[PDB]
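I have placed the structure first, in the form of structure tokens, so that the comments after it can refer back to it.
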Amino acid sequence: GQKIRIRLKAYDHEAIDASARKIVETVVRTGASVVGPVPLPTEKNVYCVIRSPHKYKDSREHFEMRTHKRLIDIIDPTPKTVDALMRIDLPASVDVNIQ
Amino acid sequence: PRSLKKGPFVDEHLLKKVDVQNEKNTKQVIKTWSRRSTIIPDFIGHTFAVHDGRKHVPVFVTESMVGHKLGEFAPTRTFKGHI
Amino acid sequence: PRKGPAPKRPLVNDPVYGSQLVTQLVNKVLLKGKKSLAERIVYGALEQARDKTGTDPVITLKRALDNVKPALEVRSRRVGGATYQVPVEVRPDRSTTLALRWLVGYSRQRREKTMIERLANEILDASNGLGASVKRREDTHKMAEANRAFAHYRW
Amino acid sequence: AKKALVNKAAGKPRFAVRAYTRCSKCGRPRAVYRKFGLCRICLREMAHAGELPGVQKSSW
Amino acid sequence: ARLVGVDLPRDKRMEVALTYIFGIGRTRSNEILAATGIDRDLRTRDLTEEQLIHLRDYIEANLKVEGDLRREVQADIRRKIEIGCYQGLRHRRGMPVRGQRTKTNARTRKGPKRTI
Amino acid sequence: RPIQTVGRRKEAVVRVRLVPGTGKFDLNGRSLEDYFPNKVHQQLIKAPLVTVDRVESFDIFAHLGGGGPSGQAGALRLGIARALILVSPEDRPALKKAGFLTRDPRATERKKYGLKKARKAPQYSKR
RNA sequence: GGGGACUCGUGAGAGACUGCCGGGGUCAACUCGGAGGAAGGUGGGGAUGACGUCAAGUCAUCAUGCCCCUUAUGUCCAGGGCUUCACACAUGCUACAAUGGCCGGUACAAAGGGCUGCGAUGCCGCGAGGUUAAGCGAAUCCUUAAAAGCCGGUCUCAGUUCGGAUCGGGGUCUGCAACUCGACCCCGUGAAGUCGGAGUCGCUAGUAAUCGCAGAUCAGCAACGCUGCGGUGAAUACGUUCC
Ligand SMILES: [Mg+2]
Ligand SMILES: [Mg+2]
Ligand SMILES: [Mg+2]
Ligand SMILES: [Mg+2]
Ligand SMILES: [Mg+2]
Ligand SMILES: [Mg+2]
Ligand SMILES: [Mg+2]
Ligand SMILES: [Mg+2]
Ligand SMILES: [Mg+2]
Ligand SMILES: [Mg+2]
Ligand SMILES: [Mg+2]
Ligand SMILES: [Mg+2]
Ligand SMILES: [Mg+2]
Ligand SMILES: [Mg+2]
Ligand SMILES: [Mg+2]
Ligand SMILES: [Mg+2]
Ligand SMILES: [Zn+2]
């Protein structure tokens, strides 16, 4: 049917959409039905630390941690494709789920 | 332990020290550090040397201190007055 | 400021009573951002003003302000080892401000129960020249007209 | 901190509520975040150094 | 209108007039007036003596009011003092008993500032 | 073809679907006096309509969402004035002169560290 | 089911430069006023701290030179303390009420958290909670009912239906354990306080004032703190003499 659901996550911008575009281009050449990379909202994890190691409360930093999500593609689970879905080496800063 | 679903709380090393004396009916003092233990109505008449931080303080369980913790009768701090 | 005057904000016409004087009264009554509360007090007191005269209430309001607008204020100035007050001329849109503050202020400490019947009784007593808001008008005038000798140092 | 207290917090204590956290770089008992395992100080050098991914300075 | 020897404040609504009894606040006042059927929006000057019998006897069967509440309260404070507990010593000195901060506050148990 | 505009004020985002008619408001399934019960807000809902004098036409309906109610009233005013241009290319200088096309960017300023609020500082106390 | 219109999510870009007009200025820098534009002269806010000062702070984050301890100034454990209380200061919270209290009804957010978890629904309890268990590593499910606001009712200016300290009793949950010393709930109790002396603080706009919500640390929590988020939303600025 249309069963394969991929769930790319990554810390940085521009290392994930290129992993969605030019790397999951290797699915349409096996003749499958793509729906395109769908952007999801970005997660944020804000941290707030005191700068000084002692007694200066009013001087602070703000560190964040973004997480980008994309490519909720619902391609055709053809047994020829599902081999070649997982042959490519994704970068180290890209996570993937096959659900 | 403070909620009626799980009973009261007495330390098990303190329950064994009175059950060896409730079986033969003697009233020797029990040196103890268990301030957190509840007084139950099997401590009646028993005396207890209860640690307060620096020494052990005698306490005589009479009848009306039977819903209290055992540490409530050895005061830890000391204050006579500023002048 | 050091760098000259600042632009002042336009007040939109009031929908119930088509006048910018009503919407300049609700901003004096406004406390803690309760603007729909502040408009129920002003609208409620103006409806009680026509229940005791029959006259249109904003005509009574403009007669009430014309009895409490000051013309001479009494600003302070030190010269040497002594101070004094200089009588200076109140520009007109300050006299609107300084008179709306006296009506709201002297009726918050007035002897009724609710703010609607406190504010409405002060408007009616000022449109006849009776209230405590009218009393500060001539106290501001008698103070400034007792110091005509110092009107020669006007910055 | 003291080197005995760093080894004690690593092991398994009696009465499992008695456990706590220390910084995995310097062994500090306070201000340790759970996402990183680091205190407020060691988080701040390692984020500037780019040594833990996804973390940078935020402005909004 | 004496209820239990308490002299209710005249010209006052019945939800609040029962709260002048030592031992009844607003929750008991809703459930005296619910069992006896006397409505809450009633003044105390319009009360009926036939109605006053209905709630002068519901209270002794269920509640605890002046005198024998006030003596049961002051015999609990009395109990802690001779057993020598922590709160009994803490009752003897006018210091606060429920684990309170005594460095910058507790001006309720203590009086006004002695100012040495 | 349907008029599709959008106005937004602070966080409110309305979606005006201006249709010609007898003049009727049903904002989010609810009329004007049933959704905005305040006469000051209702003055500025149809304040672009009294300028162009087309208030007796144009029964609208919108999808009111986000923000608070005063933000929703001002966002609806920007939605109407940007919808009157798609039915009329000649009332544009009339509504630009009043200021009904300005989006009015006035957001809540962020809280800054060391401060009690966006700008409020704590007690100074030099000694 | 489906649609690609509208929002939104997020990629890539367009846009503001004194670019255009008029007056002033050495024709210059630039300034005053327009037009057009979502925005106009740094559009709003953040990030960003030159050379140095204060022998400023930190040897208790870490690191380190000297110096001292090595049957103890090392290290384990149980109890206690860090929470004391004639007082003095400092930063806040809740108040002294009618622009309010209480009861009933009803509307509109944003940014966040969730596997040793979030607990919908049902059921029992006045209530904190207990129990059962769906769905969810989440734009999906839960957190999640925002509170002020609006409308109706009542109180009627009183130390009160204001205030909610203190104390008496009864509980729930976390945890080996809640006495010293946890928070929350129910019933009772109902203190000071009626707007604060000399003095002193913050704030120029979505600011101040007021109203909630969330996060980190965390078993629980002394969270009224701190860092954020949105709701409603002012009054003024002549001016540069004085501080
Ligand atoms: Mg712990
Ligand atoms: Mg705010
Ligand atoms: Mg300071
Ligand atoms: Mg710069
Ligand atoms: Mg020094
Ligand atoms: Mg020093
Ligand atoms: Mg050393
Ligand atoms: Mg120890
Ligand atoms: Mg301390
Ligand atoms: Mg009350
Ligand atoms: Mg309500
Ligand atoms: Mg129930
Ligand atoms: Mg009301
Ligand atoms: Mg008094
Ligand atoms: Mg009063
Ligand atoms: Mg917590
Ligand atoms: Zn560290």
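Using ideal geometry, Cβ is built from the backbone for each residue, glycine included, and neighbour counts are taken over all protein chains shown. Only the coordinates and a few stated rules stand behind these numbers; no lab work does.
Structure values in brief
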item: Residue, farthest from ligand 2 (Cβ to nearest atom), within segment D:1-30, restricted to residues that are within 21 Å of D:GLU45 (Cα to Cα) and of a type in the set (S, T, N, Q); result: D:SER24
item: Unique match (being free of Cβ contacts under 8 Å to residues at least 24 places away in the same chain and in contact with a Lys or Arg (Cβ under 6 Å, 6 or more places away or on another chain)) among C:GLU112, C:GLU39, C:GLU47; result: C:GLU112
item: Check on A:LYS69, within 14 Å of chain D (Cβ to nearest Cβ), surrounded by 14 or more Cβ atoms within 10 Å (Cβ to Cβ) and among the charged types (D, E, K, R); result: yes
item: Filter result for the condition that a residue is within 14 Å of another protein chain (Cβ to nearest Cβ) and among the small types (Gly, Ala, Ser), over E:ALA61, E:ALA75, E:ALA17; result: E:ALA75
item: Residue list for segment A:41-62, restricted to those being in contact (Cβ under 8 Å) with a residue 12 or more places away in the chain and either within 10 Å of chain F (Cβ to nearest Cβ) or more than 15 Å from D:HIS48 (Cβ to Cβ) (or both); result: A:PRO41, A:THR42, A:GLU43, A:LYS44, A:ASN45, A:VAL46, A:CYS48, A:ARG60, A:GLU61, A:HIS62
item: Single residue of segment F:96-122 satisfying the filter (outside any loop (DSSP other than H, G, I, E, B) and either within 14 Å of chain A (Cβ to nearest Cβ) or over 20 Å from F:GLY71 (Cα atoms) (or both)) that is farthest from ligand 1 (Cβ to nearest atom); result: F:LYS97
item: Matching residues, segment C:1-23, being in a helix (DSSP H, G or I) and exposed (fewer than 15 other Cβ atoms within 10 Å of the Cβ); result: C:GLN20
item: Scan of segment D:35-57 for residues that are under 19 Å from A:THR67 (Cβ atoms), more than 9 Å from chain A (Cβ to nearest Cβ) and loosely packed, with under 12 Cβ neighbours inside 10 Å, ordered by number; result: D:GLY50, D:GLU51
item: Some residue of segment C:58-71 being more than 14 Å from every other protein chain (Cβ to nearest Cβ), more than 20 Å from C:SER107 (Cβ to Cβ) and either of a type in the set (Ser, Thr, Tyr) or free of Cβ contacts under 8 Å to residues at least 12 places away in the same chain (or both); result: no
item: Identity of the residue in segment D:25-34, within 16 Å of ligand 1 (Cβ to nearest atom) and either farther than 23 Å from D:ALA9 by Cα or surrounded by fewer than 18 Cβ atoms within 10 Å (Cβ to Cβ) (or both), that ends up farthest from the other protein chains (Cβ to nearest Cβ); result: D:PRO29
